[PDB]
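Presented below, as structure tokens, is a lone chain in the form deposited in one PDB entry.
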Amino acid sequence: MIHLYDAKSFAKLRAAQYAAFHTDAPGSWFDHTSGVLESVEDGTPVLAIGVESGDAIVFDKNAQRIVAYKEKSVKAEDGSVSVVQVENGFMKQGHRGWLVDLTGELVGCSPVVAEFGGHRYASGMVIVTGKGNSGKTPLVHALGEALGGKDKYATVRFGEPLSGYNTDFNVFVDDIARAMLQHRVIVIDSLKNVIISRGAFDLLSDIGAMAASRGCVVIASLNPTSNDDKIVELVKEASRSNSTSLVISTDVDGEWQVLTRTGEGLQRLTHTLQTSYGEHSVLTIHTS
């Protein structure tokens, strides 16, 4: 919805957004939204995401698809009305994204998802890309484990000529929806086949906001299938714009750079990562 501000309430908003990244306990936002989600009546639509065609499928708090749901509305504070309706397994009325309010008045944040190696990491969409064919897959997995911390991270596999990899976009969105509804740390191996269909376009444009709102982080691998020309600069450009955080390779072996958006209108931070390979290509991110 829309929000109103004057100098005073605006300053409070900024302090709150600043705290959402810098001082809140890492992962607390995710814990909070998990709470909001479980307090939702069973069968109640909570998430809508677009499939390849352009239509959208809807899920309940347990990541189960909703096939039929009689039109229901809700009058928000802003005065705006929200309407959701599912007919034949497709949203008849509604919008894409979260169908229940997880944020409230606190919007424009990059909720800290975790802390590692002396650095806080934001939730939302994290794109790992750069000078093609490098080691993006090992990096997203190391990041997944690291930010997972005490928890296991979820792995969504898509569009690669390797065994067990799903190649159907609709199964893919089904996997992403379930992951964001149930896990704080998510890895997507290859956006390669997403970059274009309407469903695919709806994905780059929604994933980050959905994740940031939930308080979960989605770490996506994106190899510039294109040349190794300066098209990678175009990819890096597009990525920086649709990501909460960007991670790109450097000229130095095993070194990556992390560019983070700490929040709406807030300062963008940058820090470096040093890595090394172990047995069977397991990558380790050096801390202290």
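What we label the rigid core is the largest C-alpha set whose atoms superpose within 1.5 Å from one form to the other. Residues that one form lacks are left out of the comparison. Residue numbers here begin at 1 and follow the sequence given.
Although it is not shown, the form deposited in another entry is what the next lines describe.
Rigid-core fit between the shown form and the other one, the member of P138, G149, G132, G159 whose C-alpha shifts 2 angstroms or more:
With the rigid core fitted, the residue that moves is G132.
Quick one: once the rigid core is lined up, does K236 have its C-alpha move by 2 Å or more between the shown form and the other one?
Superposed on the core, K236 moves its C-alpha 2 Å or more between the shown form and the other one.
How about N227 - superposed on the rigid core, does its CA move between the shown form and the other one by 2 Å or more?
Yes: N227 shifts by at least 2 Å between the shown form and the other one.
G132 and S205: do their C-alpha atoms lie closer or farther in the other form than in the form you see, with a change of 3 Å or more?
Compared with the shown chain, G132-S205 is farther in the other form.
Note whether the distance between the C-alpha atoms of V232 and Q257 decreases (closer) or increases (farther) in the other form, against the displayed form; the change is 3 Å or more.
Here the pair is closer than in the other form; there, farther apart.
If you overlay the rigid core, what runs of at least 3 residues show Cα shifts of 2 angstroms or more between the shown form and the other one?
Moving regions between the shown form and the other one: 132-134, 227-238.
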